[PDB]
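Chains as they are written, first to last, in UniProt numbering: chain P, 11 to 432; chain B, 12 to 433; chain H, 12 to 432; chain A, 293 to 432.
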Amino acid sequence: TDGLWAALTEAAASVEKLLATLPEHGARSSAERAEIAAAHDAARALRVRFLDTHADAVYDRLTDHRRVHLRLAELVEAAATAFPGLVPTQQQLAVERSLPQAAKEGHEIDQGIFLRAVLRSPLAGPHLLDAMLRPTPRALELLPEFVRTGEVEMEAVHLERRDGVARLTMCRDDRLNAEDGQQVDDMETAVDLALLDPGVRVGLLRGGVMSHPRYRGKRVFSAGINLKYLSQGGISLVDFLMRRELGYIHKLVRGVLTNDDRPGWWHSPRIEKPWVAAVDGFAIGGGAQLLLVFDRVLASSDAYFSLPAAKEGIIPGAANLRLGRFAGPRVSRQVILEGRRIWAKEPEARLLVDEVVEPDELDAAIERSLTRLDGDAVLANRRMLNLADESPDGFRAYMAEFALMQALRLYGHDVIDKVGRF
Amino acid sequence: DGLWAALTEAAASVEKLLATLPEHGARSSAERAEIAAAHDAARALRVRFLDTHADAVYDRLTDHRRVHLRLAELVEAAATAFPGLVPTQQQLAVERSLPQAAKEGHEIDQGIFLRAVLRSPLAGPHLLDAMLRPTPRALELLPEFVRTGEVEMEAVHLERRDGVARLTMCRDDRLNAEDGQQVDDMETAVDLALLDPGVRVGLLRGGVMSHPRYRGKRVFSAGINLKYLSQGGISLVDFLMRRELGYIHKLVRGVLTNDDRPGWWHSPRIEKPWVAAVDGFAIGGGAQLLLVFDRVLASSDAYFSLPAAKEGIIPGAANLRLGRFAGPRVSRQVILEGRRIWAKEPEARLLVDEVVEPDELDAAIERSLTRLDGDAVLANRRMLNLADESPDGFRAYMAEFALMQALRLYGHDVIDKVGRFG
Amino acid sequence: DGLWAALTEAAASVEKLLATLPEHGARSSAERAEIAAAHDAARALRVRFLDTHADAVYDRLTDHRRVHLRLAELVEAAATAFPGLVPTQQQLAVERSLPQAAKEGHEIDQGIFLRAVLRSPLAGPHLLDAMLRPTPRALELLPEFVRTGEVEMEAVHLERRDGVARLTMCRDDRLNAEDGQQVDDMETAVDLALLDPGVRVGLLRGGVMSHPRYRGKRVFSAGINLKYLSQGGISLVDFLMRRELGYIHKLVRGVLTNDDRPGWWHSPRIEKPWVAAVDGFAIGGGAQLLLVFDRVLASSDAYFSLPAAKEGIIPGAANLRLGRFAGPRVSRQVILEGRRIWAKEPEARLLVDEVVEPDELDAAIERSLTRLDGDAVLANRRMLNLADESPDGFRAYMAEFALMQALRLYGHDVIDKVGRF
Amino acid sequence: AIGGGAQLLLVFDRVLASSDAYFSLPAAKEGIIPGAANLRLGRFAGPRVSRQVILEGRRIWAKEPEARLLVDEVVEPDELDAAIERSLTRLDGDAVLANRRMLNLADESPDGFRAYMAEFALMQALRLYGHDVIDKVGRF
Ligand SMILES: CC(C)(COP(=O)(O)OP(=O)(O)OC[C@H]1O[C@@H](n2cnc3c(N)ncnc32)[C@H](O)[C@@H]1OP(=O)(O)O)[C@@H](O)C(=O)NCCC(=O)NCCNC(=O)Cc1cc(O)cc(O)c1
Ligand SMILES: CC(C)(COP(=O)(O)OP(=O)(O)OC[C@H]1O[C@@H](n2cnc3c(N)ncnc32)[C@H](O)[C@@H]1OP(=O)(O)O)[C@@H](O)C(=O)NCCC(=O)NCCNC(=O)Cc1cc(O)cc(O)c1
Ligand SMILES: CC(C)(COP(=O)(O)OP(=O)(O)OC[C@H]1O[C@@H](n2cnc3c(N)ncnc32)[C@H](O)[C@@H]1OP(=O)(O)O)[C@@H](O)C(=O)NCCC(=O)NCCNC(=O)Cc1cc(O)cc(O)c1
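Here it is as structure tokens:
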């Protein structure tokens with residue numbers, strides 16, 4: 011119509027023709043590498059140009075003019091079948107997923123371009139964000155059993171209702187709560203259950219006792235993303251990096267968007283609750299990022315917080331969005347641009363942590379904190395605070411650039427090389 | 012679309028239940044649940060109606076945004092032009108004659124209304140401009156104030172001296188506890204200070220108290236009058252919304268005048284710098300006021316708190332402004348957990364520019380007043396306030412605040428706590 | 012409609028009064044009040060006209076936002092296409108030959124114009140993109156800079172070394188006091204640093220001074236040239252607005268290039284990280300620069316001030332950015348009351364990452380340059396700057412600033428103070 | 293205040309400094325003993341800071357927090373004259389005289405001062421003729 015779809019289709023065909031005829035990734039000459047790299051670039055450039063003008067119409071076809079909420083995975087899958095060449099097919103992703111990161115063609119980058127244009131739209135963006143705030147099907151499935159038993163054991167998370175508290179314990183005892191696609195699914199499911207359970211008033215996130223010999227008997231909050239899986243090709247742009255930000259982490263802030271099925275929905279369409287985080291040992295990378303959204307943060311006297319991948323790492327989620335608010339532009343750049351580690355007992359830890367407690371008094375201090383966040387006053391006040399701290403436009407515009415910026419970093423040679431050495 | 016008719020019907024059901032059911036407090040649980048469901052259905056339709064019709068409703072009331080109406084006039088004109096949308100003057104009179112525990116909560120409808128009005132990018136800014144205009148009372152008193160340099164009001168004493176508008180809050184029997192009359196006096200005094208060409212700088216300070224526990228001691232503010240709040244005499248519109256959109260916003264942005272002087276084309280509002288001096292303490296609404304001044308001095312023995320963390324209403328615009336001053340951790344410590352901050356602790360410097368011993372405070376106040384005189388200050392504080400708080404940011408917050416605060420004003424926890432004071 | 016005719020009417024009255032009345036300073040009180048009233052009526056109509064017509068005015072000048080024009084070209088094309096809206100080149104030359112105290116203040120009309128342009132959600136972002144594009148001067152000098160690794164300019168020395176673009180401000184006789192030429196050199200150097208593929212990180216430092224009170228000592232910046240400001244040589248457009256929308260904004264957002272390289276579809280601007288090293292002091296415009304760098308070092312004896320709290324012009328975008336660094340109390344202490352902040356006091360850490368003894372300063376500057384190399388920094392500092400300062404936030408501020416600063420540039424208190432320096 | 297001048301500050305009842313001032317006993321590598329600083333500095337700054345200053349030549353700036361170990365008031369150049377004058381009026385009475393006598397007696401015993409100055413007389417004499425000192429001082 012303006013020719014952009016036809017040009018994209020053409021440029022995608024050239025890519026598929028080079029991938030069919032050229033040797034495997036590791037066997038390509040420099041001229042072959044430069045040729046496919048140029049074809050990828052031409053195709054992706056046209057993905058951007060097409061969506062610059064057609065994003066809203068593309069989204070409208072997929073969601074019936076914003077009348078059906080689709081989560082990220084369903085959205086990019088429906089976009090692949092309805093707009094071939096715009097984003098990779100399930101089959102193309104499975105081929106990618108079976109390769110180590112160093113050998114991938116980087117088809118996820120197209121999903122970054124796509125989600126970029128979707129989140130930039132003032133119509134499509136807020137709708138997709140609402141879609142990710144709704145309860146996961148898995149949580150709705152497990153909710154009756156959780157109301158009954160007060161307990162759910164998941165692969166990466168243990169959830170227990172006790173004294174009105176949703177106790178989320180991250181329990182990957184062999185690898186220091188290193189994050190993966192399954193951890194995100196469990197965290198979101200647990201986060202959904204806590205919010206939907208009327209017997210839960212406050213949530214608590216803590217790391218469990220580790221079993222690895224260097225930490226045996228010691229709790230550890232988070233060692234951040236699983237670098238082994240990232241090297242091996244198992245960290246999904248959509249199902250890990252974007253899902254965690256638009257899903258459970260955003261629900262910690264804004265709650266779960268429910269159906270119009272209860273009183274008061276006209277004033278509170280989302281159910282939100284206050285959250286307490288307790289940091290044992292350390293919070294690193296993705297785990298440090300989580301602390302920027304809790305209502306109360308406690309840490310053991312020996313803990314530290316870092317976003318360590320300053321030279322050859324991916325973007326630390328929404329830390330770049332939120333850290334300036336906590337620490338100011340100098341400290342946030344010291345932390346992110348230069349990898350400054352902040353210790354629980356140094357004065358600037360009070361920018362990130364409310365309470366630092368000696369190991370032998372921490373359990374009791376955690377329990378006291380849980381009783382202080384009970385009321386309706388807290389619910390109203392933290393809603394107004396989060397609204398002031400982080401506007402819908404601010405979050406949307408950031409996650410918009412993040413979708414593409416992070417996709418590129420996930421395929422950067424410096425990242426692949428570093429992660430390979432872990 | 013049928014929404015007006017559905018609302019009219021649902022409001023009829025409410026009025027019929029109120030006519031037939033027994034008085035508040037004599038109702039059974041089935042009767043209480045029935046009227047609660049009727050209120051909920053009507054209010055849900057108030058929201059839906061205004062979601063699509065707010066701009067047209069506002070246009071009828073203001074002649075397509077060509078007549079500026081203040082809050083009281085707006086909600087009163089909306090009641091007569093759109094029966095059932097917001098309560099009539101007579102329905103409000105009945106409510107106002109009841110203790111808060113017995114009210115049906117018709118003000119909540121005004122919260123719904125003002126929320127939708129402020130959410131409109133067309134209706135919202137016009138209403139905010141209307142509240143920035145000088146009050147009729149101030150225009151009335153302006154000539155005598157220019158002549159005399161003095162006005163004695165019930166809750167405020169205003170004196171022009173050395174180019175300073177000295178506002179002294181002088182409710183000496185109740186620690187300057189706030190009520191509807193205090194707001195009217197404060198706005199009148201702020202209006203006079205800004206309109207008076209003999210005033211260059213404003214000063215807000217608490218007067219000498221006469222209550223036995225504080226006799227001979229100045230006190231800044233003990234916050235909202237909790238007795239009146241329990242008794243039903245705190246108005247959502249004429250107190251909680253009026254102070255935020257009126258005098259407090261005028262401290263930031265000045266008074267919007269007519270096109271009646273040179274330079275109006277670059278400065279349609281008259282703004283001046285303000286100094287606050289805190290004796291004894293600043294609590295609740297009085298603490299909120301400090302987030303808006305150009306200079307804040309405090310006595311060495313003063314403290315600052317927003318104390319109603321468990322069972323209180325939202326602390327005005329503190330939830331909007333405190334994060335900017337103290338960051339997300341300290342602002343939640345203060346608001347979510349009621350942390351009190353003392354003038355001599357290091358973190359008081361987040362809220363206070365100067366902490367001075369009682370016997371050197373008067374002179375330090377006078378010195379501070381001479382430092383804010385020029386045209387440079389005027390331009391710089393205009394640019395600073397513009398950067399600190401965008402029009403959209405303030406509007407969007409006050410929109411949600413209008414409804415969120417209305418709900419809190421009728422919350423059972425609030426009513427119960429407030430009943431127990433004094 | 013009718014606003015253009017009324018404006019044309021009011022501008023004619025002004026021109027006819029300026030033709031018949033005596034020179035500025037020879038005017039009586041009645042004559043001064045008459046021309047002041049005429050200026051006021053004309054400027055009021057400039058605002059009212061542009062309130063409704065800004066976008067069409069801009070569309071005529073830029074071919075419906077299809078041609079990028081820089082500030083100087085924009086206001087000059089507006090002068091030729093809409094006579095009386097903004098001053099002509101000839102009217103500006105007359106103004107430029109007068110001391111500030113004698114000017115009619117025709118720049119104020121440009122402030123009105125740029126305010127209305129930047130306020131438009133269509134015209135504003137377009138003008139901002141135009142100022143992010145490389146200056147022609149820089150494109151001209153780029154091939155020799157790639158070859159030689161060195162450019163000597165009047166106010167700036169630029170050297171590529173070890174992948175670092177070393178900008179040394181080298182006005183050794185006046186403590187690097189700023190003027191129109193310094194801005195042109197700074198933007199040219201910043202452009203070169205960003206366009207040069209051999210540069211990975213930029214460094215801004217003050218050079219060794221030659222004035223007797225500072226001989227042999229480096230000094231970062233003494234702020235705007237107050238002598239030139241008194242004499243009428245500080246241009247609203249070519250200095251005060253140019254520096255904010257050009258080289259200072261390029262430090263944040265990079266240079267907008269043509270679609271001429273791989274990856275432009277994700278990175279249409281080339282940005283790089285910047286280090287600032289403050290010797291002696293950073294004052295006024297020089298202190299403003301520090302709110303925009305990725306790393307800031309200072310010598311133990313340095314201080315930072317925005318000193319003109321009583322009788323000064325607005326300190327550029329400090330009013331926009333300082334609150335983010337220091338909070339609303341400190342930022343008002345600095346700007347409203349002229350509080351000076353010393354490198355060794357605790358709150359210096361709000362503005363400065365590292366404070367170092369003079370004898371160890373060169374070495375930590377060098378260490379800092381090696382820490383900002385990767386692709387990780389580039390991605391992270393883009394996301395940080397995006398979170399820190401939204402396009403709307405910057406645009407809306409610079410819109411009001413265009414007029415607010417124009418008025419301050421002609422304020423009697425400013426002219427008087429600056430005359431005494 | 294450098295060397296002998298910084299030493300003097302350990303003996304005053306009130307010390308004011310301009311915001312741009314610094315205090316050092318700089319000759320840590322090749323200098324003579326800084327008078328009675330080794331006797332008095334520990335009392336003001338503790339054993340860690342006094343060794344940082346004396347053993348390692350740490351320079352202390354008027355605006356850093358630890359300057360308050362040595363200085364009572366740090367004032368901007370344009371307000372310093374007036375701040376000096378105010379300080380002079382606050383030390384007038386007979387009460388100050390009695391109190392500063394009792395303080396100095398508690399702070400520095402006769403035996404302590406004497407025992408230090410006894411060893412100092414010889415230790416400093418040796419340093420005054422040390423080859424490192426002579427060499428370093430020749431290069432100034
Ligand atoms: C914490 C440590 C210093 C501890 O070191 P030691 O005390 O020497 O213990 P180790 O033996 O390394 O750890 C014990 C155990 O855990 C394993 N371990 C520890 N951390 C990890 C991670 N992060 N991944 C995988 N495996 C891990 C380690 O391999 C050992 O297992 P075996 O090899 O089977 O023995 C170390 O584990 C470490 O440096 N880990 C890497 C930390 C790191 O760089 N994490 C990633 C940071 N970056 C992100 O999170 C990026 C991110 C995450 C997100 O969620 C979102 C987003 O947008 C971006
Ligand atoms: C400050 C105090 C601790 C002083 O304690 P004491 O030294 O024991 O003094 P008291 O004898 O109680 O005070 C003296 C005197 O003032 C009366 N007093 C003090 N504060 C009040 C208030 N707020 N209301 C009514 N009466 C009051 C107190 O009842 C005594 O009167 P008598 O009965 O005549 O003796 C105490 O008075 C107190 O707790 N006061 C109330 C504090 C409080 O929680 N105030 C409300 C805070 N919440 C808001 O402002 C909420 C708000 C305000 C807004 O403006 C806008 C908005 O959106 C939200
Ligand atoms: C820095 C100083 C304290 C140093 O004082 P001393 O140590 O006593 O040295 P001086 O002998 O005064 O300085 C040596 C030398 O530099 C010259 N010098 C120093 N500062 C200046 C300035 N600002 N202009 C011109 N010449 C200067 C001074 O005139 C001497 O020249 P000669 O007399 O010809 O020898 C002093 O020079 C001073 O007070 N300077 C003025 C500081 C000032 O107000 N600067 C401007 C502040 N305002 C802005 O930056 C405004 C601004 C700038 C922008 O870029 C953007 C914007 O929006 C707003």
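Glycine included, C-beta positions come from ideal geometry on N, C-alpha and C.
Residue-level contact to chain H via CB, residue i, 9 Å cutoff
{"i": "P:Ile46", "result": "no"}
{"i": "A:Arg306", "result": "no"}
{"i": "P:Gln299", "result": "no"}
CA nearest to the CA of residue i, picked from the options
{"i": "B:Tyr258", "options": "B:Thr146, B:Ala52, B:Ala374", "result": "B:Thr146"}
{"i": "H:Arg306", "options": "H:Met415, H:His79, H:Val363", "result": "H:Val363"}
{"i": "A:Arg360", "options": "A:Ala313, A:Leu420, A:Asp386, A:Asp424", "result": "A:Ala313"}
{"i": "B:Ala387", "options": "B:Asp120, B:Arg211, B:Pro339", "result": "B:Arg211"}
{"i": "B:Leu247", "options": "B:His117, B:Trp275, B:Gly36", "result": "B:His117"}
{"i": "P:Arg59", "options": "P:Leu85, P:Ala89, P:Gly13, P:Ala166", "result": "P:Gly13"}
{"i": "B:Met164", "options": "B:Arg158, B:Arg172, B:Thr179", "result": "B:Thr179"}
{"i": "H:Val289", "options": "H:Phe336, H:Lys355, H:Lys283", "result": "H:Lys355"}
{"i": "A:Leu308", "options": "A:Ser379, A:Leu333, A:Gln344", "result": "A:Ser379"}
Nearest-angstrom Cα separation, counted from residue j out to residue i
{"i": "H:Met394", "j": "P:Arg226", "result": "38 Å"}
{"i": "residue 445 of chain A", "j": "A:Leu383", "result": "What is shown of chain A runs 293 to 432, which leaves residue 445 of chain A out entirely."}
{"i": "B:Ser310", "j": "P:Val429", "result": "56 Å"}
{"i": "P:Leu28", "j": "P:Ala48", "result": "11 Å"}
{"i": "P:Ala23", "j": "P:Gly95", "result": "8 Å"}
Supposed close pair residue i, residue j - CB separation, criterion 8 Å
{"i": "P:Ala320", "j": "P:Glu348", "result": "5 Å"}
{"i": "B:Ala141", "j": "B:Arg81", "result": "6 Å"}
{"i": "residue 439 of chain H", "j": "H:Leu129", "result": "With chain H represented from 12 up to 432, any question about residue 439 of chain H goes unanswered, as that position is not in the structure."}
{"i": "H:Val201", "j": "H:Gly291", "result": "With a Cβ gap of about 22 Å, H:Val201 and H:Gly291 do not count as contacting."}
Outcome for residue i when other beta-carbon atoms lying within 10 angstroms are tallied against a minimum of 16
{"i": "H:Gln100", "result": "exposed"}
{"i": "H:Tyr421", "result": "buried"}
{"i": "B:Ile352", "result": "buried"}
{"i": "B:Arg182", "result": "buried"}
{"i": "P:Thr199", "result": "buried"}
{"i": "B:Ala149", "result": "buried"}
Short CB-CB distance (under 9 Å) between residue i and chain A
{"i": "H:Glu322", "result": "no"}
Interface flag, residue i vs chain P, CB-CB below 9 Å
{"i": "H:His277", "result": "yes"}
{"i": "B:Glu34", "result": "no"}
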